[PDB]
Amino acid sequence: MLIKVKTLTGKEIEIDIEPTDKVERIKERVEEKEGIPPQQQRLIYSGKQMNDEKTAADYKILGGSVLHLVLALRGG
Amino acid sequence: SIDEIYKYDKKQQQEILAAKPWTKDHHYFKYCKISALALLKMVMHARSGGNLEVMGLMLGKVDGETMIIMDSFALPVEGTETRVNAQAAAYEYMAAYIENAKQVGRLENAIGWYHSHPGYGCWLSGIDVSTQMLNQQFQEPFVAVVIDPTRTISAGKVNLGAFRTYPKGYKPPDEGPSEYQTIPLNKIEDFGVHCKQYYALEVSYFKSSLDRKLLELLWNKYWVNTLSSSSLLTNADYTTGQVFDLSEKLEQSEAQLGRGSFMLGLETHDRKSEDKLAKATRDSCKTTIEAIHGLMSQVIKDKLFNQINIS
Amino acid sequence: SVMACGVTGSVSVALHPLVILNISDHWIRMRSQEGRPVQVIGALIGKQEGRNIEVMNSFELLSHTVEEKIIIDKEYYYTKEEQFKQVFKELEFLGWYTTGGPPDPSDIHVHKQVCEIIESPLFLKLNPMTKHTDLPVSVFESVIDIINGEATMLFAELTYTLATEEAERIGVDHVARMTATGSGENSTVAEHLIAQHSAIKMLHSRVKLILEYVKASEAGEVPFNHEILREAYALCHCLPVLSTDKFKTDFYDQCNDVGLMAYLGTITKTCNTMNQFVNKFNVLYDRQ
């Protein structure tokens, strides 16, 4: 599947994914394209912040699916 | 009873937590009983914010359709009418408190959160409903509570509603009305959409020997200042604001009824702009009731004091 | 008891009821679970403004019994002292409370340990075994008094008062009444007016004590006086509270606004039933 992801430059990038793949890998694909370290990235899939060690099939992401990238969030 | 209520049962919560009835219905609850402690602590903490919002936590349990609020404690957290799930910052302080609490002998689990809306009424906002809706999944049981600490001094009646909201894409029933304490000019809209999403629960109490009485006796002297609320000037800004907005709604009503909702073999279903006059009449009542309530604070003085003259 | 039984000290303390309901509730819980009634010892917080003390709030502390003595755990207290001070720093530490009947040595042992936190802590003692109708909390301070030439820590008792907090009082009303809604929802007029009602009823009771005093000083049973009569005389004379030409129009101006406001609302309500009547009629008697 090829998922689209909305970046912080105001554009959208399609990237290669397998459903079994852990979601921290997608962060690295996004680094490769957008030059943003996977260390500071947070993936939001439809309103919620995506996990790290959890997989993409755990989020039921399909090839039409769209991801939102935002920087780290802390409550205080 | 009077003493059966005071003891907490760990097992009754373990059964309830397994059973998980709330997944079926979120309008399930209907009564509240809140401790004398819970209430006084909640008002004082709310009042310490000033006219600035504060959040605290409540410890309790549930038994059937009753919620029981045993104790409450304050949190030093900022994000009531901005940050969605402000409570997170508070978590470390809560984990401390529950641990400290268990060892002295208070074992009761967290029942919910309390916050306050000062000088605009007892209702949940956009921030508040959004934070509650996460809590009803994750935190359970979790209930929202609102109190106003300025409005209350004038009326003499505690406005405290404990509520719970419905999850997304859930059709509300016909459960509309509640207590009328005016909102400012831009906050009017926000109430209008959100109200049917939640319900308030009715409250009971109990009492014994250190906090209540300094207040009860003090009121015996104190009573003069509550009758010199004199609202009409203090919150003058409210009338002009609501009345200019109520005019915008009547323009909406003239068009809505005038042209009609475009429909082809379809008839309106529940909406927060469905039958505009029927909505609108109630908005006139929340503004009128407050205004005459202002007149009644004036009327009392005029008859009680001024008619005595010098005989 | 064990008490000096001296002249009343240099501070006053003020006493008032919900917190002991918090203590009682715990006592009931603990008693059901363990199988024996268990006391709790705790801190007081409140304020002091001058030499007079308003005990505003309290919290329960942890304790243990080794021998016949009670030891309160310090580490516990210091952890709870840092969390509570963040939210309430206006309030400060007054002292402690305990549970039991008359004063005993095991209270004086624990009061010396509290002297380490603040050098002058208050002691408070509640009997829930009271056969008496008056308020069964009694307040003490500790005095260091010499008996047979040896200095002994002995308690001295304080009298009390009632004080502020309207914000808190309105909740004590609700707490006190424990009334249920009738056929409706309870009316807007009803809910609004209760304070106003009770306020009149306070003035009824205030007039009554002054009036019977003035008569008593004339009649006999209280002697004649100048200081109190000159003041009561003066109290009558002030009425009515304004009559000036300046007040009258501004008083009516606000009354007149709230007279239009009310008129424009009763029409809006009527418009609604008119729109509803006209809708239902056209469908039935005509074809719309």
# chains A, B, ... in the order shown; residues from 1 in each chain; ligands from 1
>>> select_by_dssp(residues="region 4-252 of chain B", states="helix (DSSP H, G or I)", output="number ranges by chain")
B: 10-19, 21-23, 36-49, 87-104, 126-138, 151-155, 188-197, 212-222, 224-227, 231-234, 237-252
>>> residues_around(residues="residue 76 (chain A)", least_positions_apart="2", cutoff="7 Å", atoms="only C-alpha atoms", output="list in words")
residues 74 of chain A; 77, 86 and 89 of chain B
>>> write_last_selection(atoms="C-alpha atoms", output="short mmCIF file (atom, residue, chain, number, x, y, z; two decimals), in the first residue's frame")
data_model
loop_
_atom_site.label_atom_id
_atom_site.label_comp_id
_atom_site.auth_asym_id
_atom_site.auth_seq_id
_atom_site.Cartn_x
_atom_site.Cartn_y
_atom_site.Cartn_z
CA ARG A 74 3.15 17.83 26.13
CA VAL B 77 -2.98 22.88 36.32
CA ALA B 86 -5.24 19.36 30.60
CA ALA B 89 -0.11 17.50 33.49
#
>>> interface_residues(of="chain B", to="chain A", cutoff="12 Å", atoms="only C-alpha atoms", output="tab-separated table (two decimals) with N, CA and C atoms, in the first residue's frame")
chain	number	residue	atom	x	y	z
B	75	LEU	N	-5.98	20.56	41.87
B	75	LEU	CA	-4.85	20.31	41.05
B	75	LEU	C	-4.29	21.64	40.63
B	76	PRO	N	-2.98	21.83	40.38
B	76	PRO	CA	-2.42	23.16	40.04
B	76	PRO	C	-2.08	22.96	38.63
B	77	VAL	N	-2.99	23.21	37.68
B	77	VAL	CA	-2.98	22.88	36.32
B	77	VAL	C	-3.72	23.96	35.66
B	78	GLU	N	-3.30	24.30	34.42
B	78	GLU	CA	-3.88	25.42	33.62
B	78	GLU	C	-4.12	24.80	32.28
B	79	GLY	N	-5.37	24.94	31.85
B	79	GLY	CA	-5.84	24.46	30.56
B	79	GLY	C	-7.27	24.11	30.47
B	80	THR	N	-8.11	24.73	31.26
B	80	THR	CA	-9.52	24.49	31.33
B	80	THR	C	-10.24	24.91	30.08
B	82	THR	N	-8.81	26.07	27.16
B	82	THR	CA	-7.87	26.00	26.05
B	82	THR	C	-7.46	24.60	25.84
B	83	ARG	N	-6.77	23.96	26.80
B	83	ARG	CA	-6.07	22.70	26.42
B	83	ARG	C	-6.92	21.51	26.54
B	84	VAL	N	-7.01	20.72	25.47
B	84	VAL	CA	-7.73	19.51	25.42
B	84	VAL	C	-6.91	18.46	26.23
B	85	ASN	N	-7.50	17.86	27.28
B	85	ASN	CA	-6.96	16.91	28.20
B	85	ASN	C	-5.75	17.43	28.98
B	86	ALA	N	-6.15	18.51	29.73
B	86	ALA	CA	-5.24	19.36	30.60
B	86	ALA	C	-4.79	18.56	31.78
B	87	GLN	N	-5.68	17.53	32.11
B	87	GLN	CA	-5.54	16.68	33.21
B	87	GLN	C	-4.23	15.95	33.18
B	88	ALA	N	-3.66	15.72	31.92
B	88	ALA	CA	-2.46	14.93	31.80
B	88	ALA	C	-1.29	15.39	32.63
B	89	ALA	N	-1.17	16.74	32.74
B	89	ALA	CA	-0.11	17.50	33.49
B	89	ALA	C	-0.24	17.23	34.95
B	90	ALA	N	-1.47	17.07	35.39
B	90	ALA	CA	-2.01	16.73	36.72
B	90	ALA	C	-1.76	15.31	37.12
B	91	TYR	N	-1.57	14.37	36.21
B	91	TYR	CA	-1.47	12.94	36.46
B	91	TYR	C	-0.44	12.59	37.51
B	92	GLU	N	0.75	13.23	37.43
B	92	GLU	CA	1.79	12.94	38.38
B	92	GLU	C	1.37	13.29	39.85
B	93	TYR	N	0.73	14.46	39.98
B	93	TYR	CA	0.16	14.96	41.27
B	93	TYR	C	-0.98	14.03	41.73
B	130	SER	N	-14.81	17.74	24.85
B	130	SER	CA	-13.81	17.04	24.10
B	130	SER	C	-12.91	16.28	25.00
B	134	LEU	N	-12.91	11.70	25.77
B	134	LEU	CA	-11.77	10.79	25.91
B	134	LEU	C	-11.77	9.95	27.25
>>> residues_around(residues="residue 107 (chain B)", least_positions_apart="6", cutoff="10 Å", atoms="only C-alpha atoms", output="PyMOL selection string")
chain B and resi 8-10+59-60+98-101
>>> residues_around(residues="residue 11 (chain A)", least_positions_apart="3", cutoff="12 Å", atoms="only C-alpha atoms", output="number ranges by chain")
A: 4-8, 14, 33-34, 67-69
>>> interface_residues(of="chain B", to="chain C", cutoff="6 Å", atoms="only C-alpha atoms", output="number ranges by chain")
B: 6-7, 40, 76, 104, 155-156, 158, 205, 207-215, 218, 223, 277, 281, 284, 288, 306, 309
>>> closest_residue(among="B:201, B:94, B:285, B:42", to="residue 68 (chain B)", atoms="only C-alpha atoms")
B:201
>>> atom_distance(atom1="CA of residue 166 (chain B)", atom2="CA of residue 132 (chain B)")
9.4 Å
>>> residues_around(residues="residue 69 (chain B)", least_positions_apart="2", cutoff="10 Å", atoms="only C-alpha atoms", output="JSON list (two decimals) with N, CA and C atoms, in the first residue's frame")
[["chain", "number", "residue", "atom", "x", "y", "z"],
["B", 32, "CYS", "N", -26.95, 11.85, 41.82],
["B", 32, "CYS", "CA", -25.73, 12.12, 42.40],
["B", 32, "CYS", "C", -25.84, 12.25, 43.90],
["B", 33, "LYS", "N", -24.79, 11.86, 44.67],
["B", 33, "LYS", "CA", -24.75, 12.29, 46.02],
["B", 33, "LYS", "C", -23.37, 12.61, 46.18],
["B", 34, "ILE", "N", -23.18, 13.81, 46.79],
["B", 34, "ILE", "CA", -21.93, 14.45, 46.79],
["B", 34, "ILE", "C", -21.77, 14.71, 48.23],
["B", 35, "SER", "N", -20.52, 14.56, 48.73],
["B", 35, "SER", "CA", -20.24, 14.73, 50.11],
["B", 35, "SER", "C", -20.22, 16.25, 50.39],
["B", 36, "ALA", "N", -20.43, 16.62, 51.66],
["B", 36, "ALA", "CA", -20.40, 17.94, 52.17],
["B", 36, "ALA", "C", -18.93, 18.41, 51.96],
["B", 37, "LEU", "N", -18.00, 17.52, 52.17],
["B", 37, "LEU", "CA", -16.66, 17.82, 51.93],
["B", 37, "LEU", "C", -16.28, 18.19, 50.56],
["B", 38, "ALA", "N", -16.81, 17.42, 49.60],
["B", 38, "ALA", "CA", -16.56, 17.46, 48.18],
["B", 38, "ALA", "C", -17.00, 18.80, 47.68],
["B", 39, "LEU", "N", -18.20, 19.20, 48.10],
["B", 39, "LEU", "CA", -18.77, 20.45, 47.74],
["B", 39, "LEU", "C", -18.10, 21.70, 48.19],
["B", 58, "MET", "N", -12.05, 14.38, 41.65],
["B", 58, "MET", "CA", -12.94, 13.94, 42.65],
["B", 58, "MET", "C", -12.60, 12.47, 42.81],
["B", 59, "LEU", "N", -12.64, 11.94, 44.08],
["B", 59, "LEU", "CA", -12.58, 10.50, 44.42],
["B", 59, "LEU", "C", -14.00, 10.06, 44.82],
["B", 60, "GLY", "N", -14.39, 8.87, 44.28],
["B", 60, "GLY", "CA", -15.76, 8.38, 44.55],
["B", 60, "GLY", "C", -15.91, 6.92, 44.18],
["B", 61, "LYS", "N", -17.21, 6.57, 43.98],
["B", 61, "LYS", "CA", -17.56, 5.26, 43.55],
["B", 61, "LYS", "C", -18.95, 5.40, 42.90],
["B", 62, "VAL", "N", -19.43, 4.32, 42.22],
["B", 62, "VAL", "CA", -20.69, 4.24, 41.75],
["B", 62, "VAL", "C", -21.44, 3.06, 42.39],
["B", 66, "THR", "N", -26.60, 5.44, 41.04],
["B", 66, "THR", "CA", -26.07, 6.52, 41.82],
["B", 66, "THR", "C", -24.61, 6.60, 41.60],
["B", 67, "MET", "N", -24.15, 7.88, 41.56],
["B", 67, "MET", "CA", -22.70, 8.25, 41.70],
["B", 67, "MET", "C", -22.55, 8.80, 43.10],
["B", 71, "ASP", "N", -14.73, 12.45, 48.32],
["B", 71, "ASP", "CA", -13.74, 13.40, 48.65],
["B", 71, "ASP", "C", -13.36, 14.03, 47.32],
["B", 72, "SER", "N", -12.62, 15.19, 47.42],
["B", 72, "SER", "CA", -12.20, 15.91, 46.31],
["B", 72, "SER", "C", -10.90, 16.50, 46.64],
["B", 108, "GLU", "N", -10.94, 4.71, 47.94],
["B", 108, "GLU", "CA", -11.85, 5.01, 46.81],
["B", 108, "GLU", "C", -11.27, 5.64, 45.58],
["B", 110, "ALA", "N", -10.80, 7.10, 41.48],
["B", 110, "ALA", "CA", -11.24, 8.37, 40.93],
["B", 110, "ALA", "C", -12.55, 8.21, 40.15],
["B", 111, "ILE", "N", -13.60, 8.96, 40.54],
["B", 111, "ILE", "CA", -14.90, 9.08, 39.94],
["B", 111, "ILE", "C", -14.92, 10.07, 38.86],
["B", 112, "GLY", "N", -14.14, 11.20, 38.86],
["B", 112, "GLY", "CA", -14.31, 12.07, 37.73],
["B", 112, "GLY", "C", -13.52, 13.34, 38.02]]
>>> residues_around(residues="region 257-263 of chain B", least_positions_apart="2", cutoff="12 Å", atoms="only C-alpha atoms", output="MDAnalysis selection string")
(chainID B and resid 250:255 265:269 273:278) or (chainID C and resid 272 275:276 279)
>>> select_by_dssp(residues="region 15-95 of chain C", states="strand (DSSP E)", output="PyMOL selection string")
chain C and resi 41-48+52-61+63-66+69-72+92-95
>>> write_last_selection(atoms="N, CA, C and O atoms", output="CSV table (one decimal), in the first residue's frame")
chain,number,residue,atom,x,y,z
C,41,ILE,N,-5.6,10.7,63.6
C,41,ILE,CA,-4.9,11.9,64.1
C,41,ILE,C,-4.6,12.5,62.7
C,41,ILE,O,-4.5,11.8,61.7
C,42,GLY,N,-4.7,13.9,62.7
C,42,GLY,CA,-4.5,14.7,61.6
C,42,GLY,C,-4.0,16.1,61.8
C,42,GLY,O,-4.1,16.7,63.0
C,43,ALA,N,-3.6,16.9,60.7
C,43,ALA,CA,-3.3,18.3,60.7
C,43,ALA,C,-4.4,19.2,60.5
C,43,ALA,O,-5.4,18.8,59.9
C,44,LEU,N,-4.2,20.4,61.0
C,44,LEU,CA,-5.0,21.5,60.8
C,44,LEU,C,-4.3,22.5,60.0
C,44,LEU,O,-3.1,22.7,60.3
C,45,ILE,N,-5.0,23.2,59.2
C,45,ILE,CA,-4.6,24.3,58.4
C,45,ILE,C,-5.6,25.3,58.6
C,45,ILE,O,-6.8,24.9,58.9
C,46,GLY,N,-5.4,26.6,58.3
C,46,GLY,CA,-6.3,27.7,58.5
C,46,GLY,C,-5.5,28.8,58.4
C,46,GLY,O,-4.4,28.8,57.7
C,47,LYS,N,-5.8,29.8,59.1
C,47,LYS,CA,-5.2,31.0,59.1
C,47,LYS,C,-5.2,31.6,60.5
C,47,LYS,O,-5.9,31.2,61.4
C,48,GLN,N,-4.3,32.6,60.6
C,48,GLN,CA,-4.1,33.4,61.7
C,48,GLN,C,-3.8,34.8,61.1
C,48,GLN,O,-3.0,35.0,60.2
C,52,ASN,N,-5.6,36.1,66.6
C,52,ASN,CA,-6.8,35.3,66.4
C,52,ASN,C,-6.7,34.4,65.2
C,52,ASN,O,-6.1,34.8,64.2
C,53,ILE,N,-7.2,33.1,65.4
C,53,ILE,CA,-7.0,32.0,64.6
C,53,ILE,C,-8.5,31.5,64.2
C,53,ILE,O,-9.3,31.4,65.0
C,54,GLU,N,-8.5,31.2,62.8
C,54,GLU,CA,-9.6,30.7,62.0
C,54,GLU,C,-9.1,29.5,61.6
C,54,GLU,O,-8.1,29.5,60.8
C,55,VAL,N,-9.7,28.3,62.0
C,55,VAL,CA,-9.2,27.0,61.6
C,55,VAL,C,-10.0,26.7,60.4
C,55,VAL,O,-11.2,26.4,60.5
C,56,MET,N,-9.5,26.9,59.1
C,56,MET,CA,-10.2,26.7,57.9
C,56,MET,C,-10.4,25.3,57.3
C,56,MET,O,-11.5,25.0,56.8
C,57,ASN,N,-9.4,24.4,57.4
C,57,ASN,CA,-9.4,23.1,56.8
C,57,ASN,C,-8.5,22.1,57.5
C,57,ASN,O,-7.8,22.5,58.6
C,58,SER,N,-8.5,20.9,57.2
C,58,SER,CA,-7.8,19.9,57.9
C,58,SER,C,-7.5,18.7,56.9
C,58,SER,O,-8.1,18.6,55.8
C,59,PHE,N,-6.5,17.9,57.3
C,59,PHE,CA,-6.4,16.7,56.5
C,59,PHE,C,-5.9,15.5,57.5
C,59,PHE,O,-5.2,15.8,58.5
C,60,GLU,N,-6.2,14.3,57.3
C,60,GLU,CA,-5.8,13.1,58.2
C,60,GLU,C,-4.3,12.8,58.0
C,60,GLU,O,-3.7,12.9,56.8
C,61,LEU,N,-3.5,12.4,59.0
C,61,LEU,CA,-2.2,12.0,59.0
C,61,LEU,C,-2.2,10.5,59.4
C,61,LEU,O,-3.1,9.8,59.8
C,63,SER,N,-0.3,7.3,61.4
C,63,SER,CA,0.3,7.1,62.7
C,63,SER,C,0.5,5.7,63.0
C,63,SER,O,-0.1,4.8,62.4
C,64,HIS,N,1.3,5.3,64.0
C,64,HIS,CA,1.6,4.0,64.5
C,64,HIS,C,1.7,4.0,66.0
C,64,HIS,O,2.1,5.0,66.6
C,65,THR,N,1.4,2.8,66.6
C,65,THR,CA,1.6,2.7,68.0
C,65,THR,C,2.7,1.7,68.3
C,65,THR,O,2.5,0.5,68.1
C,66,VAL,N,3.7,2.2,69.0
C,66,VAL,CA,4.8,1.4,69.6
C,66,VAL,C,4.8,1.8,71.0
C,66,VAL,O,4.8,3.0,71.3
C,69,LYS,N,2.5,4.7,73.4
C,69,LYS,CA,2.8,6.1,72.7
C,69,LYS,C,2.4,6.0,71.3
C,69,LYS,O,2.4,4.9,70.7
C,70,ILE,N,2.1,7.1,70.6
C,70,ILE,CA,1.7,7.2,69.2
C,70,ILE,C,2.9,8.0,68.6
C,70,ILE,O,3.5,8.9,69.2
C,71,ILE,N,3.3,7.6,67.4
C,71,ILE,CA,4.4,8.2,66.7
C,71,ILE,C,3.6,8.5,65.3
C,71,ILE,O,3.1,7.6,64.8
C,72,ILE,N,3.8,9.7,64.8
C,72,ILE,CA,3.2,10.2,63.6
C,72,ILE,C,4.5,10.2,62.7
C,72,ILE,O,5.5,10.5,63.1
C,92,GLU,N,-2.0,28.2,56.3
C,92,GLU,CA,-0.7,27.7,56.9
C,92,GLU,C,-1.1,26.8,58.0
C,92,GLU,O,-2.3,26.6,58.4
C,93,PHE,N,0.0,26.1,58.5
C,93,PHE,CA,-0.1,25.1,59.6
C,93,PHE,C,-0.3,25.6,61.0
C,93,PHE,O,0.5,26.3,61.4
C,94,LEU,N,-1.5,25.3,61.6
C,94,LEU,CA,-1.9,25.7,62.9
C,94,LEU,C,-1.5,24.7,64.0
C,94,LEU,O,-1.4,25.2,65.1
C,95,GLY,N,-1.4,23.4,63.7
C,95,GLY,CA,-1.4,22.4,64.8
C,95,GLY,C,-2.1,21.1,64.2
C,95,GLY,O,-2.0,20.9,63.0
>>> residues_around(residues="region 43-50 of chain A", least_positions_apart="3", cutoff="12 Å", atoms="only C-alpha atoms", output="NGL selection string")
(:A and (3-8 or 22-28 or 30 or 38-40 or 53-62 or 65-73)) or (:B and (130 or 134))
>>> write_last_selection(atoms="N, CA and C atoms", output="JSON list (two decimals), in the first residue's frame")
[["chain", "number", "residue", "atom", "x", "y", "z"],
["A", 3, "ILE", "N", 0.66, 5.08, 1.28],
["A", 3, "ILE", "CA", -0.13, 6.05, 2.05],
["A", 3, "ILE", "C", 0.35, 7.47, 1.81],
["A", 4, "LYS", "N", -0.59, 8.41, 1.83],
["A", 4, "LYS", "CA", -0.26, 9.82, 1.72],
["A", 4, "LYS", "C", -0.11, 10.39, 3.14],
["A", 5, "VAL", "N", 0.84, 11.30, 3.30],
["A", 5, "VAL", "CA", 1.10, 11.91, 4.60],
["A", 5, "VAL", "C", 1.26, 13.42, 4.45],
["A", 6, "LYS", "N", 0.55, 14.19, 5.26],
["A", 6, "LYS", "CA", 0.65, 15.64, 5.19],
["A", 6, "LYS", "C", 1.74, 16.17, 6.09],
["A", 7, "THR", "N", 2.70, 16.84, 5.47],
["A", 7, "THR", "CA", 3.87, 17.34, 6.17],
["A", 7, "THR", "C", 3.67, 18.77, 6.67],
["A", 8, "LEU", "N", 4.73, 19.33, 7.24],
["A", 8, "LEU", "CA", 4.68, 20.68, 7.79],
["A", 8, "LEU", "C", 5.19, 21.75, 6.83],
["A", 22, "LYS", "N", 6.00, -2.03, 11.56],
["A", 22, "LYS", "CA", 5.83, -1.19, 12.72],
["A", 22, "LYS", "C", 5.77, 0.25, 12.25],
["A", 23, "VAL", "N", 5.06, 1.09, 13.00],
["A", 23, "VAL", "CA", 4.80, 2.47, 12.56],
["A", 23, "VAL", "C", 6.00, 3.40, 12.73],
["A", 24, "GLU", "N", 6.97, 3.00, 13.54],
["A", 24, "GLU", "CA", 8.19, 3.80, 13.72],
["A", 24, "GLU", "C", 9.02, 3.83, 12.42],
["A", 25, "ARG", "N", 8.75, 2.87, 11.54],
["A", 25, "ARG", "CA", 9.46, 2.77, 10.27],
["A", 25, "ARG", "C", 8.99, 3.88, 9.33],
["A", 26, "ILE", "N", 7.70, 4.15, 9.38],
["A", 26, "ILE", "CA", 7.11, 5.19, 8.55],
["A", 26, "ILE", "C", 7.73, 6.53, 8.88],
["A", 27, "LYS", "N", 8.01, 6.75, 10.17],
["A", 27, "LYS", "CA", 8.73, 7.94, 10.62],
["A", 27, "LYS", "C", 10.05, 8.09, 9.86],
["A", 28, "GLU", "N", 10.77, 6.98, 9.71],
["A", 28, "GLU", "CA", 12.05, 7.00, 9.00],
["A", 28, "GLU", "C", 11.88, 7.27, 7.51],
["A", 30, "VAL", "N", 9.60, 9.11, 6.35],
["A", 30, "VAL", "CA", 9.30, 10.53, 6.35],
["A", 30, "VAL", "C", 10.57, 11.34, 6.58],
["A", 38, "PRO", "N", 13.36, 11.19, 12.92],
["A", 38, "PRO", "CA", 12.31, 10.35, 13.49],
["A", 38, "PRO", "C", 12.20, 10.54, 15.00],
["A", 39, "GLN", "N", 13.28, 11.03, 15.60],
["A", 39, "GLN", "CA", 13.31, 11.34, 17.02],
["A", 39, "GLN", "C", 12.23, 12.39, 17.34],
["A", 40, "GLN", "N", 12.23, 13.50, 16.62],
["A", 40, "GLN", "CA", 11.13, 14.42, 16.79],
["A", 40, "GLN", "C", 10.21, 14.31, 15.59],
["A", 53, "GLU", "N", 5.81, 1.23, 18.72],
["A", 53, "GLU", "CA", 6.04, -0.20, 18.55],
["A", 53, "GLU", "C", 4.82, -0.93, 17.98],
["A", 54, "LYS", "N", 3.65, -0.31, 18.08],
["A", 54, "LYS", "CA", 2.43, -0.89, 17.52],
["A", 54, "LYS", "C", 2.52, -0.87, 16.00],
["A", 55, "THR", "N", 1.85, -1.81, 15.32],
["A", 55, "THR", "CA", 1.97, -1.88, 13.86],
["A", 55, "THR", "C", 0.91, -1.06, 13.14],
["A", 56, "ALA", "N", 0.99, -1.04, 11.81],
["A", 56, "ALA", "CA", 0.06, -0.27, 10.99],
["A", 56, "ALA", "C", -1.27, -1.00, 10.74],
["A", 57, "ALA", "N", -1.25, -2.33, 10.87],
["A", 57, "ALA", "CA", -2.47, -3.12, 10.75],
["A", 57, "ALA", "C", -3.27, -2.99, 12.05],
["A", 58, "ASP", "N", -2.59, -2.57, 13.11],
["A", 58, "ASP", "CA", -3.25, -2.32, 14.39],
["A", 58, "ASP", "C", -4.06, -1.04, 14.29],
["A", 59, "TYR", "N", -3.66, -0.16, 13.37],
["A", 59, "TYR", "CA", -4.42, 1.06, 13.09],
["A", 59, "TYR", "C", -5.33, 0.95, 11.86],
["A", 60, "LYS", "N", -5.35, -0.22, 11.21],
["A", 60, "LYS", "CA", -6.18, -0.47, 10.03],
["A", 60, "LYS", "C", -5.97, 0.57, 8.93],
["A", 61, "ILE", "N", -4.71, 0.91, 8.67],
["A", 61, "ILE", "CA", -4.37, 1.87, 7.62],
["A", 61, "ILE", "C", -4.40, 1.24, 6.23],
["A", 62, "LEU", "N", -5.16, 1.85, 5.33],
["A", 62, "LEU", "CA", -5.24, 1.35, 3.96],
["A", 62, "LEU", "C", -4.43, 2.24, 3.01],
["A", 65, "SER", "N", -5.34, 5.85, 2.81],
["A", 65, "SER", "CA", -5.28, 6.52, 4.10],
["A", 65, "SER", "C", -4.34, 7.72, 4.11],
["A", 66, "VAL", "N", -4.62, 8.69, 4.98],
["A", 66, "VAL", "CA", -3.79, 9.89, 5.08],
["A", 66, "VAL", "C", -3.34, 10.13, 6.53],
["A", 67, "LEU", "N", -2.04, 10.40, 6.67],
["A", 67, "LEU", "CA", -1.41, 10.69, 7.95],
["A", 67, "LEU", "C", -1.08, 12.17, 8.12],
["A", 68, "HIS", "N", -1.21, 12.68, 9.35],
["A", 68, "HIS", "CA", -0.82, 14.03, 9.68],
["A", 68, "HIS", "C", 0.42, 14.06, 10.56],
["A", 69, "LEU", "N", 1.45, 14.81, 10.17],
["A", 69, "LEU", "CA", 2.63, 14.91, 11.01],
["A", 69, "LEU", "C", 2.67, 16.20, 11.81],
["A", 70, "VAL", "N", 2.87, 16.08, 13.11],
["A", 70, "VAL", "CA", 3.04, 17.24, 13.98],
["A", 70, "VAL", "C", 4.19, 16.98, 14.98],
["A", 71, "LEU", "N", 4.76, 18.06, 15.51],
["A", 71, "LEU", "CA", 5.84, 17.94, 16.47],
["A", 71, "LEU", "C", 5.31, 17.48, 17.82],
["A", 72, "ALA", "N", 6.23, 17.19, 18.74],
["A", 72, "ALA", "CA", 5.90, 16.60, 20.04],
["A", 72, "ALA", "C", 4.87, 17.40, 20.84],
["A", 73, "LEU", "N", 4.03, 16.69, 21.59],
["A", 73, "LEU", "CA", 2.99, 17.33, 22.39],
["A", 73, "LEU", "C", 3.13, 16.99, 23.86],
["B", 130, "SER", "N", -14.81, 17.74, 24.85],
["B", 130, "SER", "CA", -13.81, 17.04, 24.10],
["B", 130, "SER", "C", -12.91, 16.28, 25.00],
["B", 134, "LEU", "N", -12.91, 11.70, 25.77],
["B", 134, "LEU", "CA", -11.77, 10.79, 25.91],
["B", 134, "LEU", "C", -11.77, 9.95, 27.25]]
>>> atom_distance(atom1="CA of residue 28 (chain B)", atom2="CA of residue 196 (chain B)")
15.0 Å
>>> decode(residues="region 26-40 of chain B", atoms="C-alpha atoms", output="JSON list (two decimals), in the first residue's frame")
[["chain", "number", "residue", "atom", "x", "y", "z"],
["B", 26, "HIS", "CA", -24.12, 6.77, 28.47],
["B", 27, "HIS", "CA", -27.36, 8.43, 29.57],
["B", 28, "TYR", "CA", -27.50, 5.60, 32.12],
["B", 29, "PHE", "CA", -26.82, 7.59, 35.34],
["B", 30, "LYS", "CA", -29.49, 9.70, 37.03],
["B", 31, "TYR", "CA", -28.64, 10.72, 40.60],
["B", 32, "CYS", "CA", -25.73, 12.12, 42.40],
["B", 33, "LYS", "CA", -24.75, 12.29, 46.02],
["B", 34, "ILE", "CA", -21.93, 14.45, 46.79],
["B", 35, "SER", "CA", -20.24, 14.73, 50.11],
["B", 36, "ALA", "CA", -20.40, 17.94, 52.17],
["B", 37, "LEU", "CA", -16.66, 17.82, 51.93],
["B", 38, "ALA", "CA", -16.56, 17.46, 48.18],
["B", 39, "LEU", "CA", -18.77, 20.45, 47.74],
["B", 40, "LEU", "CA", -16.99, 22.90, 50.08]]
